[PDB]
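This text opens with one protein chain seen in two forms, each one given by itself as C-alpha cells under the names structure 1 and structure 2.
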Structure 1
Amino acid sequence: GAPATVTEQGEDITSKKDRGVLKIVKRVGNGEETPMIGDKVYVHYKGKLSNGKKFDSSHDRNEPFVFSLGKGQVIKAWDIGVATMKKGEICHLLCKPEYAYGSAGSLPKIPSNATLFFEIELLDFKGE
C-alpha cells in the first residue's frame, strides 16, 4: 500500500542521505514557492504508526493544524518535509525513528523506535 510504496520509492529529503525521511508527491500544488523557516503553516493531515495500531488526523478536530516551520514545534521529519511543499500540494511522508520520537518514543501513544506515515496537505503559509 501507500506506506510500502513510499518506503521503497520515496525521495530521500534528509541532509545526511540516511533515508530517515522519505517523500512522494501525490498531488502537485500551485506556485513555485515553498515556505521559509519561521513561516506560519496551515495543513490538513492523516497520520498513523507504520503498523496500523494508532491513527491521528487534523480532521478529528475539524480544523487545520497550524504551526511555525523550522522552530521544533513538530518532529524533525515535519520541519524538513513541509519545507519542501508547495501550496495546495498533498504528499506522503515516511518518517524513521531518528526524525520522529527515537528510541525513547512518546508513551503511551508512540512506542520505542517507531516509524510514522503521514499524508499531508499544505493549505497555506504566511511570513512572520
Structure 2
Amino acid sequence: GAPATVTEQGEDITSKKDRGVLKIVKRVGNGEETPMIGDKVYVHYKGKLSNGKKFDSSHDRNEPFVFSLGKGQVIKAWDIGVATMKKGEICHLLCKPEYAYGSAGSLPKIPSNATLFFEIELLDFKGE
C-alpha cells in the first residue's frame, strides 16, 4: 500500500541524507515557489502508524492545520517536508522517529520509536 511504496520508492529529502524523511509527490502543485521560513502554512493531512491505525486527520475536523514554517512548531519531518512543497501539492512522507516523536512518543496514540506515514496537501502559504 501507500506506506510500503513511500518506504521503498520515496526520495530522501533530509540535508543529512540519512533516509529519515522520504517523500513522493502525488499531485504536482502550482508554479515553482515553495514557502519561506516563518510563513503561515495551511495544510490538510492524514497520519497513520506502522500498524495501520489512523492517528490524526484534519479533514475529519473540517479545518486545516496552520503553523509557522521552520520554527519547530511541528515535528522535524513536517518542517523539512512542507518546505519542499508547492501550493496545491499533495505528497506522502515516511518519517522515522528521529524526525518525529522519538523515544517519547505522543499520547494518546503515538508509541515510542514510531515511524509515521502522512499524506499532506499544502493549501496555502502567506508571509505575515
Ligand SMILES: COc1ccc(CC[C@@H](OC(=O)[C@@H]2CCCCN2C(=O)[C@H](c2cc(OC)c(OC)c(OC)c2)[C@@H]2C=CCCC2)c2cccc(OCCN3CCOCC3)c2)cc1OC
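For the two forms, the rigid core is made up of the largest set of C-alpha atoms that agree within 1.5 Å on superposition. When a residue number appears, read it as a position in the sequence of structure 1, where counting begins at 1.
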Pick one: which is the form deposited without the ligand? 2
I want to make sure I read this right: if the two forms are fitted on their rigid core, which of 71, 54, 40, 27 has a C-alpha displacement of 2 angstroms or more between structure 1 and structure 2? 54
With both forms fitted on the core, how large is the C-alpha shift of residue 100 between structure 1 and structure 2 in Å? 0.2
What is the C-alpha shift for residue 109 between structure 1 and structure 2, rigid core superposed, to one decimal in Å? 1.8
